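Chemist: this one is an experimental structure. Sequence first:
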Amino acid sequence: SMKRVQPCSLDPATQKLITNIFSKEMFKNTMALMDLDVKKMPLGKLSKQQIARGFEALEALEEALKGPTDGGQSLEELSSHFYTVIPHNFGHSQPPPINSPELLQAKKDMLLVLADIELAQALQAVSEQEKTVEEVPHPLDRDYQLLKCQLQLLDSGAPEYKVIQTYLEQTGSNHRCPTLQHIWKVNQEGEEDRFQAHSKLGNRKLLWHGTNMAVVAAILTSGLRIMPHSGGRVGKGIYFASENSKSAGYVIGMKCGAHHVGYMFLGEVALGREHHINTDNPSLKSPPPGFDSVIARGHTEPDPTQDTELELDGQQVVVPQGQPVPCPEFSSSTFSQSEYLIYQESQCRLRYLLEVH
Ligand SMILES: Nc1cccc(C(=O)O)c1
């Protein structure tokens, strides 16, 4: 009647990772950090229906702002409906009206993180198979297995290790530099086949993508995604940076013991033919008709003369190794650092996960 729990197959670093990215405490923290009222909206009550209602409430708001003053509901009443469907906590004061584009997108981005938290919870549901088997995996093996994604810890003499480390150091912040703890090689399967469909596409680069810890299990499961309400300064696709310090800005870590722990991806991005912009355009949904990517060009760029290459599944993939240098032609760009954009999920492939302190 009592099921055997099998020993854990996972090395220490991977156990800690898998513990971190499925941690209930980490999830709640992320909710409290987004002003969500965890008491009225607990992890196990979190639902796809509810997130869906939240987005519609947001949609109603966007029509309100981006529309004119017809006879519709005020922003106050429409905000209030949103806050009924997605309960927020602001020390038991009335939450603020969502009454600017900035605020609207901030709330979309929140609901996108929460969706990925619900994804993790959904993923952890116990199947009926699992009730019937008389031995179970170690809980960390089960959780790793749920990702359907391969993770291989790199040690310091792996062929790519020094390349990645140099990428990190040279393009990370000079003073407040992220401390490298571990690198995992990442192979989500079936990501492989969408990516094979861009194989005659050249101009591949390994690019940073920072995220909060709460979406890391979602990304390892499903890839980086372009969701319906996602957006930003270069519109509706997947954001990457050649400067670690840029992507580090979007990492949301958690205090663990004496450390603040955070996670960072490197994606192989098939940029093909690049279209360079120098002003924000949040409406972009694809590159211009000849092009495969949009690069919002920064004041600086890792010194291309120091670029190296890495052979990934037989393809040349460029890895910058130089410190940022000025790019005279983009000195008046609205972008201090470059933002690399692709507008279809198939154009990127997860290659590495980094733990940094
Ligand atoms: N906006 C933006 C630009 C570049 C990288 C990132 C990131 O998520 O790492 C975000």
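Modeler: Nice, thanks for sending it over. Numbering: from 1, shown residues only.
Chemist: from here on, just use CA atoms for contacts and neighbour counts.
Modeler: OK.
Chemist: wait, is residue 105 part of a helix?
Modeler: Yes - applying DSSP: H, G, I helix; E, B strand; the rest coil, one finds residue 105 inside a helix.
Chemist: tell me the contacts of it?
Modeler: By CA atoms under 8 Å, 6 or more residues apart in numbering, the contact set of residue 105 is residue 231.
Chemist: what number of residues lie near residue 231?
Modeler: Close neighbours of residue 231, defined as other CA atoms under 10 Å, add up to 21.
Chemist: nope, residue 104 is what I meant
Modeler: By other CA under 10 Å, 17 other residues sit near residue 104.
Chemist: so how far is residue 311 from the spatially closest residue to it that is not a sequence neighbour?
Modeler: Distance criterion CA to CA, 6 or more residues apart in numbering; nearest residue to residue 104, sequence neighbours excluded, is residue 98 at 6.0 Å. Residue 98 is 47 Å from residue 311, where distance means CA to CA, to the nearest Å.
Chemist: what sits opposite the residue of the stretch 251-357 of the chain found nearest the ligand in the beta ladder?
Modeler: The nearest approach of the stretch 251-357 of the chain to the ligand comes at residue 339, 4.4 Å away (CA to the nearest ligand atom). For residue 339, the beta-bridge partners are residue 296 (DSSP bridges).
Chemist: what do you get for residue 182?
Modeler: residue 355.
Chemist: you'd agree it is up against residue 265?
Modeler: No - the criterion here is CA atoms under 8 Å, and residue 182 misses it with residue 265 at 11.8 Å.
Chemist: so between the two, which is more surrounded?
Modeler: Applying other CA under 10 Å to residue 182 and residue 265 shows that residue 265 carries more neighbours, namely 27 against 19.
Chemist: mutual contacts of residue 182 and residue 265, please.
Modeler: residue 354.
Chemist: rewinding a little: and residue 98 and residue 311? which has more neighbours close in?
Modeler: Using other CA under 10 Å, the more surrounded residue of residue 98 and residue 311 is residue 98, with 22 against 10.
Chemist: in contact with the most centrally placed residue in the chain, which residues?
Modeler: In the chain, the residue lying closest to the centroid (CA atoms, centre = their mean) is residue 211, at 3.9 Å. Contacts of residue 211 were listed using CA under 8 Å, 6+ apart, and they are 247, 250-252, 263-264.
Chemist: now do 10 Å
Modeler: Going by CA atoms under 10 Å, 6 or more residues apart in numbering, residue 211 touches 113, 219, 247-253, 262-265.
Chemist: then residue 241?
Modeler: Residues near residue 241 by CA under 10 Å, 6+ apart: 171, 206-210, 247-248, 266, 295-296, 301, 337-341.
Chemist: spell out which residues of this protein are next to the ligand.
Modeler: Counting by CA under 6 Å from any ligand atom, the residues of the chain lying close to the ligand are 208-211, 239-241, 247, 250, 339.
Chemist: domain parsing of this structure, as residue ranges.
Modeler: Under the assignment curated CATH domains, the domains of the chain span 1-147, 148-357.
Chemist: quick one: distance of the shortest one to the chain centre.
Modeler: Okay, so that is domain 1-147. Averaging C-alpha positions (CA atoms, centre = their mean, to the nearest Å) puts domain 1-147 15 Å from its chain's average.
Chemist: now the longest one
Modeler: Here domain 148-357 shows a centroid-to-chain-centroid distance of 10 Å under the convention CA atoms, centre = their mean.
Chemist: just the endpoints, please. Distance across that domain?
Modeler: 27 Å.
Chemist: likewise the shortest one?
Modeler: Domain 1-147 stretches 29 Å from its first residue to its last (CA to CA).
Chemist: quick revisit: looking at the residues of the chain next to the ligand, which are in helices?
Modeler: Using DSSP state H to define helices, the subset of those located there is residue 247.
Chemist: just the buried ones from the residues of the chain next to the ligand?
Modeler: Buried subset of the residues of the chain next to the ligand (neighbour count, 16 or more other CA atoms under 10 Å): 208-211, 239-241, 247, 339.
Chemist: touching, residue 174 and residue 243? I think so.
Modeler: No - using CA atoms under 10 Å, residue 174 is not in contact with residue 243; the gap is 11.8 Å.
Chemist: give me the common contacts of those two.
Modeler: The contact lists of residue 174 and residue 243 share residue 323, where a contact means CA under 10 Å, 6+ apart.
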